[PDB]
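Colleague: pasting an experimental structure, sequence included:
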Amino acid sequence: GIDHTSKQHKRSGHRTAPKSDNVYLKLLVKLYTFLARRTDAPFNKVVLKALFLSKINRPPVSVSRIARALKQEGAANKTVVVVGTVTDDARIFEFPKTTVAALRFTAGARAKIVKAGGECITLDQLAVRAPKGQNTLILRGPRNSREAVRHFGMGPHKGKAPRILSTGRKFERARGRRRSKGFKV
Amino acid sequence: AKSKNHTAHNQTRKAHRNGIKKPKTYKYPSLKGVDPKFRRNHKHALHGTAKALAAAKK
Amino acid sequence: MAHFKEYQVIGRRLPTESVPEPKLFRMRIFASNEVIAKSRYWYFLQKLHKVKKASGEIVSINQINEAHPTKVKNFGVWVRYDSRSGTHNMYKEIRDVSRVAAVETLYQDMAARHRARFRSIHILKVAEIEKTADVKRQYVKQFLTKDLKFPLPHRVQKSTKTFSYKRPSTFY
Amino acid sequence: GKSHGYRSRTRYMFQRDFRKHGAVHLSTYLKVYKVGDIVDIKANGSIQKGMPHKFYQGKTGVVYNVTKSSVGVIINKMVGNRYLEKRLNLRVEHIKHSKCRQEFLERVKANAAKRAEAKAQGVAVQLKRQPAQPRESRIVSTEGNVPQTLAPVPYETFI
Amino acid sequence: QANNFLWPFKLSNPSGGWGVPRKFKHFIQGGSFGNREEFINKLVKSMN
RNA sequence: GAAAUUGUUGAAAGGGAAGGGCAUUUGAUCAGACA
RNA sequence: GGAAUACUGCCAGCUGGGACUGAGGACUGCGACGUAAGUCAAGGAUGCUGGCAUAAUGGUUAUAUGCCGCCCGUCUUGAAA
RNA sequence: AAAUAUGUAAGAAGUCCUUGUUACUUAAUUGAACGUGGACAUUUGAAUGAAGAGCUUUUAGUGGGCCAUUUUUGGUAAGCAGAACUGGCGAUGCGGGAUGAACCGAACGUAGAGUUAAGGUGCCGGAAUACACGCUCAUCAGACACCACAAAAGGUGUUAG
RNA sequence: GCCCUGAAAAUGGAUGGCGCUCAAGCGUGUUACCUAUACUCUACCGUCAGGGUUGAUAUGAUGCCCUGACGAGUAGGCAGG
RNA sequence: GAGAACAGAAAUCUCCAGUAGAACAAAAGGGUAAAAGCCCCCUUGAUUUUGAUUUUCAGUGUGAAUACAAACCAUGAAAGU
RNA sequence: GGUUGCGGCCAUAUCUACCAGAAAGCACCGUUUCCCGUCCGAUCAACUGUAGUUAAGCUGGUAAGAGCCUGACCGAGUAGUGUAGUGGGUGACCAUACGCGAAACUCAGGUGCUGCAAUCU
Ligand SMILES: [Mg+2]
Ligand SMILES: [Mg+2]
Ligand SMILES: [Mg+2]
Ligand SMILES: [Mg+2]
Ligand SMILES: [Mg+2]
Ligand SMILES: [Mg+2]
Ligand SMILES: [Mg+2]
Ligand SMILES: [Mg+2]
Ligand SMILES: [Mg+2]
Ligand SMILES: [Mg+2]
Ligand SMILES: [Mg+2]
Ligand SMILES: [Mg+2]
Ligand SMILES: [Mg+2]
Ligand SMILES: [Mg+2]
Ligand SMILES: [Mg+2]
Ligand SMILES: [Mg+2]
Ligand SMILES: [Mg+2]
Ligand SMILES: [Mg+2]
Ligand SMILES: [Mg+2]
Ligand SMILES: [Mg+2]
Ligand SMILES: [Mg+2]
Ligand SMILES: [Mg+2]
Ligand SMILES: [Mg+2]
Ligand SMILES: [Mg+2]
Ligand SMILES: [Mg+2]
Ligand SMILES: [Mg+2]
Ligand SMILES: [Mg+2]
Ligand SMILES: [Mg+2]
Ligand SMILES: [Mg+2]
Ligand SMILES: [Mg+2]
Ligand SMILES: [Mg+2]
Ligand SMILES: [Mg+2]
Ligand SMILES: [Mg+2]
Ligand SMILES: [Mg+2]
Ligand SMILES: [Mg+2]
Ligand SMILES: [Mg+2]
Ligand SMILES: [Mg+2]
Ligand SMILES: [Mg+2]
Ligand SMILES: [Mg+2]
Ligand SMILES: [Mg+2]
Ligand SMILES: [Mg+2]
Ligand SMILES: [Mg+2]
Ligand SMILES: [Mg+2]
Ligand SMILES: [Mg+2]
Ligand SMILES: [Mg+2]
Ligand SMILES: [Mg+2]
Ligand SMILES: [Mg+2]
Ligand SMILES: [Mg+2]
Ligand SMILES: [Mg+2]
Ligand SMILES: [Mg+2]
Ligand SMILES: [Mg+2]
Ligand SMILES: [Mg+2]
Ligand SMILES: [Mg+2]
Ligand SMILES: [Mg+2]
Ligand SMILES: [Mg+2]
Ligand SMILES: [Mg+2]
Ligand SMILES: [Mg+2]
Ligand SMILES: [Mg+2]
Ligand SMILES: [Mg+2]
Ligand SMILES: [Mg+2]
Ligand SMILES: [Mg+2]
Ligand SMILES: [Mg+2]
Ligand SMILES: [Mg+2]
Ligand SMILES: [Mg+2]
Ligand SMILES: [Mg+2]
Ligand SMILES: [Mg+2]
């Protein structure tokens, strides 16, 4: 026998193809594992993983978040990749030119980008254009802006938001939520 | 029906499956519980040198 | 403990700044190998001096070979031993042809007559009884008489087959 | 019933050291503490205010606060399978600077030296510590020192 | 580096046998464990 | 027109239960492969 | 005085008997021997000869024989109980 | 005043120089805190290891435990009652202790060859009716840990002191 | 020290049995020998892991090829059937 | 301990010695000598605001406690408390 | 070197008995108008530095002194202890193996070191 020092037959714990079942996504994966295996280029390697990512690890990148990244010093001509969908943001009043490459473009986002004379590339087109990912700027959206993570870590003095359905006063705002009713959290 | 009362038996076995996680360390720890007179001043101190360093890139 | 060799073991008190060249002490040691023999050395040295192996060093280990390995000699043996209920000093005389032989059968004898395992014995001195008539123990004096001759009555030959066709004879 | 008050079981621990009772000598108060300083913790039973609880006796921590008559020390207490951060408001009579780092600091200040003092010569440094190595060959002499030969001793009683 | 590069050696049981009738005592007491100094080579060679 | 359970015929084994595992002798029975 | 021998150790010294295994399926590597051409025991068995072509070998089955084998389900610290 | 246990430290989040910020603080641009600018790289600061490290969410079963060595309380005691640390059994077969939950050995995919462990080798039963030195003769001998008990006290039986 | 007295209980009975007395008993030494699901080497199954390979013009890209380690299991979880 | 009318074992007066052998409400254990004990002087901080922290811990609550911040005061020559 | 004021470590500074102390300084010491405190100008307050004294304080030295401090293969590798065994023993307990290791004892040595400021044959 063997004094094992570590749990046996452990799975690596990382996705390895998408759990998604879409052909096209399956094809883009085909492109990039090829590209990853044969180009020693970091970008293709990161891109391949993001493809496997489930919906929650793929938060939307907005078109305003886009415009801001372009305002980085020396970044205004880069083409931005977003392995996910791109949404529109009425709140910005002046969107730049550039080229965004992403999986989905909402109707309004595509509009706004094209209106400023930008261009909307799919990842496979992005590939042919920059097989080593030259001049690419990768953007991710906010994962912990989900509503779910509000409730993560619920406990005393954690200050983190109840799992509650109806709300307003007389919904969990008395005993243990204020000094005058028993105590506070 | 009396029964067992207390034992620590087996408890450090369990404690060791998933750690005794070391204590976790950070550059810049929280000023939590620090003297308010200090902290008040320190703020203005910082606000200042900030202003000074924007003043270096005018 | 086994089939013994006899060793000179020399050791000394790890040197110091203020005391380099410490005194050097020797033991003869009866043991089966030099590993047991160095162990034994430290075992007795910490019974006599302030040392322990940790703070001391072995200097030399050498096997002492028997002077005249085919001369019958009368050994007197002194021993210290632990019985079940208290400890005890002894003198035996053993007749054999080497000190190493002799210590082999001492150990056997202590074990068999007094049930003393090897841990519980201390050899004090082993020394050749020079002139006879200093031989004390009669189970040895016996063998020193002039023109000694004795028969070996009732011979048992060891059979090699399970069956025999004779009826044996213990003649001799 | 059982008893488990704050200072329970501390009979000897907060006791005072033989022939060392009374006023605390003044150097205890002249000593100075800065944030980041590493202190050792030891309750002075003569000083009831600002006392560490027994568990923190003999513990070393880092100052995180300096107030009028106290320092705030933060210790990692391990409750369960894990450490939590604990913050202690101790009066200065229960704290002393640790020497747990003096050998490190002495080591570094000195490592800067023979590092420059080597470079500015012609490299070849070697300044990691190494464990006790086995000792080397050597030749012990007999001159003035022939081996004394001891045997084991008989059994005797003296009583 | 040199020594960690080697996987641990995987020896068979000794071919001669262990010397000794009971292993889990010290070499010095007729058993097999402990420092047995240069007598290590005889063992390993029977196990290699 | 199953099973429990029964009659008959055939084959076999049985010194205070029977049934089971690994293995092979002996009997019965059988597939495949040769070309 | 000069040897021998035992004991312990070493040899990239030679050599006999016996057992189990023969995964892999063009080539590709590291070598060895040769003046060479070639050869080889060097990244996993081939060569030669015979017997049967069948219940011979094998499967199944029943029985016999050696060793072994408590009744499952459960609740229990603990069940063949 | 031990041993065993036990806190902290062994650097880039480091060491040194220069001299900004503030309402705190000093007699005091004094200090305190946070900095800007500058100097020194893997013998960059002990060992050994690392089938990597870190982090998040959600959920089962469980919440009668029992045992062994050691420490240990109550009890005359218990196959009794109760704690400490570890290792076990429970949840686990396999080899050994004839037998057996917990001892000893050793932890399990299907198999071949080899070697062993603990324990054995007269016959049951695989394996020396082996070698060697003593001892012991029992008109209830003795015969291997845990373990399946014996004591004070005696012997001019015998052995060595 | 071994042996003997001290030494009394209930069905007939247990160094495991037979039996053993210069032992097949007690103490101690030395060898050799027997044999575990363990150790070494090899094949095969599976699990985990790391590499390789979309180039058409034939057959699985969840595939194909190489390599290494690992395999006990109640309550219980998940997976592929 | 040594001394002083009534005065005695014990009244009140003095001096020497005195590491705490006392006292600090209370159980006990810590602690304390120009004090933490005894005598006196002046007092209400046993007050107002809302957080942090330690013990028990789920790192909830409660009890009790600790160090600060913002007030207003007490005392003292003052540092302070 | 002395001494004083303020000290730091807080007996190698303490304790018991005796002796010695130049010079300065400390001291004891004189007084009761004034602030101030008492049963008592003893303490405490003030005034003189004048009238007096090294007696005491203080400092130092002596002592097979008490105590205290330090050291040592002095005791002791003792006691105790972590680890090991199908070790001994009816038990109680005890050897052994790889380690860690005291306390009393005994013997020697020692008896304040020192910071800032002022002063002094
Ligand atoms: Mg929101
Ligand atoms: Mg009940
Ligand atoms: Mg019970
Ligand atoms: Mg319970
Ligand atoms: Mg000789
Ligand atoms: Mg209690
Ligand atoms: Mg005092
Ligand atoms: Mg208080
Ligand atoms: Mg061999
Ligand atoms: Mg063999
Ligand atoms: Mg052989
Ligand atoms: Mg055995
Ligand atoms: Mg081999
Ligand atoms: Mg019909
Ligand atoms: Mg069969
Ligand atoms: Mg083949
Ligand atoms: Mg093949
Ligand atoms: Mg035919
Ligand atoms: Mg056929
Ligand atoms: Mg045929
Ligand atoms: Mg049939
Ligand atoms: Mg059958
Ligand atoms: Mg059976
Ligand atoms: Mg049931
Ligand atoms: Mg029951
Ligand atoms: Mg440690
Ligand atoms: Mg390291
Ligand atoms: Mg390593
Ligand atoms: Mg790794
Ligand atoms: Mg859960
Ligand atoms: Mg749960
Ligand atoms: Mg409960
Ligand atoms: Mg539950
Ligand atoms: Mg156990
Ligand atoms: Mg259960
Ligand atoms: Mg098991
Ligand atoms: Mg069995
Ligand atoms: Mg038995
Ligand atoms: Mg064991
Ligand atoms: Mg039988
Ligand atoms: Mg046999
Ligand atoms: Mg033989
Ligand atoms: Mg026993
Ligand atoms: Mg007796
Ligand atoms: Mg007798
Ligand atoms: Mg018997
Ligand atoms: Mg038998
Ligand atoms: Mg025997
Ligand atoms: Mg197998
Ligand atoms: Mg499994
Ligand atoms: Mg009290
Ligand atoms: Mg005072
Ligand atoms: Mg109140
Ligand atoms: Mg509370
Ligand atoms: Mg309470
Ligand atoms: Mg004068
Ligand atoms: Mg008056
Ligand atoms: Mg006066
Ligand atoms: Mg006055
Ligand atoms: Mg005088
Ligand atoms: Mg004075
Ligand atoms: Mg003295
Ligand atoms: Mg003892
Ligand atoms: Mg011990
Ligand atoms: Mg034992
Ligand atoms: Mg001992």
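Modeller: Structure received. Numbering: from 1, shown residues only, chains lettered A, B, ... in the order given. Ligands and ions are numbered 1, 2, ... in the order given.
Colleague: CA only for contacts and neighbour counts going forward, please
Modeller: Noted.
Colleague: for chain D, just list every one of the helices.
Modeller: D:27-30, D:102-122 (DSSP state H).
Colleague: how about the residues of chain E near RNA strand I?
Modeller: E:10-13, E:16, E:19 (CA under 7 Å from any atom of the strand).
Colleague: now the residues you listed as a markdown table including distance to residue A:94?
Modeller: Shown next, in a markdown table, are the residues of chain E next to RNA strand I (distance: CA to CA, whole Å):
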| residue | distance to residue A:94 |
| --- | --- |
| E:10 | 71 |
| E:11 | 74 |
| E:12 | 77 |
| E:13 | 80 |
| E:16 | 88 |
| E:19 | 89 |
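Colleague: nearest to residue C:42 among the residues you listed?
Modeller: Nearest to residue C:42, judged by CA to CA, of these is residue E:19 at 24.9 Å.
Colleague: which helix of chain E spans the most residues?
Modeller: Criterion DSSP H: the longest helix present in chain E is helix E:40-47.
Colleague: buried residues in that one?
Modeller: residue E:43 (16 or more other CA atoms under 10 Å in any protein chain shown).
Colleague: report the distance from that helix to the chain centre.
Modeller: Here helix E:40-47 is found 6 Å from its chain centre; the criterion is CA atoms, centre = their mean, to the nearest Å.
Colleague: how far away from the center of its chain is the helix or strand hosting residue C:140?
Modeller: In this assignment (DSSP states H and E), residue C:140 forms part of helix C:138-141. Relative to the mean C-alpha coordinate of its chain, helix C:138-141 is positioned 19 Å out (CA atoms, centre = their mean).
Colleague: does anything pack onto that helix? Which helices or strands?
Modeller: strand C:87-96 (3 or more CA pairs under 8 Å, 6 or more residues apart in numbering or on different chains; DSSP states H and E).
Colleague: 10 Å instead?
Modeller: Contacts defined by 3 or more CA pairs under 10 Å, 6 or more residues apart in numbering or on different chains; DSSP states H and E place helix C:138-141 against strand C:73-82, strand C:87-96.
Colleague: quick one: contacts of it?
Modeller: C:74-75, C:92-95, C:132-135, C:144 (CA atoms under 10 Å, 6 or more residues apart in numbering or on different chains).
Colleague: just flag the most distant two among those residues.
Modeller: Within the contacts of helix C:138-141, C:92 and C:144 form the most distant pair, 16.4 Å apart (CA to CA).
Colleague: neighbour-wise, which of those two wins?
Modeller: The neighbour count for residue C:92 versus residue C:144, taken as other CA atoms under 10 Å in any protein chain shown, is higher for residue C:92 (16 against 13).
Colleague: related to what we said a few turns ago, what comes up buried for the helix holding residue C:140?
Modeller: residue C:141.
Colleague: again with stretch C:117-124
Modeller: For stretch C:117-124, by 16+ other CA under 10 Å, it's C:117, C:121-124.
Colleague: before we move on, what about stretch D:109-129?
Modeller: Within stretch D:109-129, the residues scored as buried using 16+ other CA under 10 Å are D:111, D:115.
Colleague: next: stretch D:72-79.
Modeller: D:72-77.
Colleague: repeat for stretch E:32-42
Modeller: E:32, E:36.
Colleague: what about it, near chain D?
Modeller: No - with CA under 10 Å from any CA of the partner chain as the criterion, chain D is not reached by stretch E:32-42; the gap is at least 15.0 Å.
Colleague: check the buried residues of stretch C:117-124 against RNA strand I, which are close?
Modeller: Among the buried residues of stretch C:117-124, RNA strand I is touched by residue C:117 when using CA under 7 Å from any atom of the strand.
Colleague: in JSON lines, list the buried residues of stretch D:72-79 along with distance to residue C:128.
Modeller: Shown next, in JSON lines, are the buried residues of stretch D:72-79 (distance: CA to CA, whole Å):
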{"residue": "D:72", "distance to residue C:128": "80"}
{"residue": "D:73", "distance to residue C:128": "76"}
{"residue": "D:74", "distance to residue C:128": "76"}
{"residue": "D:75", "distance to residue C:128": "73"}
{"residue": "D:76", "distance to residue C:128": "72"}
{"residue": "D:77", "distance to residue C:128": "71"}
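Colleague: farthest-apart pair in the residues you listed, please.
Modeller: The largest separation in the buried residues of stretch D:72-79, counting by CA to CA, is between D:72 and D:77 at 15.2 Å.
Colleague: residue contacts, residue 32?
Modeller: Just so you know, I chose chain A. Residues in contact with residue A:32, defined by CA under 10 Å, 6+ apart, are A:38-39, A:43-49, A:51, A:123-124, A:127, A:131.
Colleague: right idea, wrong chain: chain C
Modeller: C:1-7, E:28.
Colleague: just the element for whatever residue of chain B ends up closest to ligand 5, please.
Modeller: Using CA to the ion, the closest approach of chain B to ligand 5 is made by residue B:13 at 60.1 Å. Using DSSP H and E, residue B:13 maps to helix B:11-17.
Colleague: just the buried positions in the helix or strand hosting residue A:36, please.
Modeller: In this assignment (DSSP H and E), residue A:36 forms part of helix A:23-38. By 16+ other CA under 10 Å, the buried positions in helix A:23-38 come out as A:25-26, A:28-29, A:31-33, A:35-36.
Colleague: same question, stretch B:41-52
Modeller: Result for stretch B:41-52 [16+ other CA under 10 Å]: no buried residues.
Colleague: contacts for it?
Modeller: Taking CA under 10 Å, 6+ apart as the rule, stretch B:41-52 contacts B:36, B:39, B:55-56.
Colleague: does any part of it sit near RNA strand J?
Modeller: No - against RNA strand J, stretch B:41-52 shows no contacts by CA under 7 Å from any atom of the strand, the least distance being 10.0 Å.
Colleague: any idea how far apart the tips of stretch A:168-185 sit?
Modeller: 18 Å (CA to CA, to the nearest Å).
Colleague: right, I mislabeled it, should have said stretch D:41-53
Modeller: End-to-end distance for stretch D:41-53, by CA to CA: 10 Å.
Colleague: what about the residue of chain D found nearest chain B, how many neighbours?
Modeller: Nearest residue of chain D to chain B, counting by CA to the nearest CA: residue D:81, 4.4 Å away. If you count neighbours by other CA under 10 Å, residue D:81 ends up with 16.
Colleague: next up, the contacts around it.
Modeller: Counted by CA under 10 Å, 6+ apart, residue D:81 has contacts B:11-12, B:14-22.
Colleague: 7 Å instead, please
Modeller: Applying CA atoms under 7 Å, 6 or more residues apart in numbering or on different chains, one finds that residue D:81 lies in contact with B:15-16, B:19-21.
Colleague: closest to RNA strand H among the residues you listed?
Modeller: Proximity to RNA strand H was ranked across the contacts of residue D:81 by CA to the nearest atom of the strand; first place goes to residue B:21, at 6.8 Å.
Colleague: residue D:89 against residue D:69, yeah?
Modeller: No - judged on CA atoms under 7 Å, residue D:89 makes no contact with residue D:69 at a distance of 9.9 Å.
Colleague: comparing the two, which shows the higher neighbour count?
Modeller: Set residue D:89 next to residue D:69 and count neighbours by other CA under 10 Å: residue D:89 wins out with 19 against 12.
Colleague: any idea what the more buried one is bridged to?
Modeller: residue D:72 (DSSP bridges).
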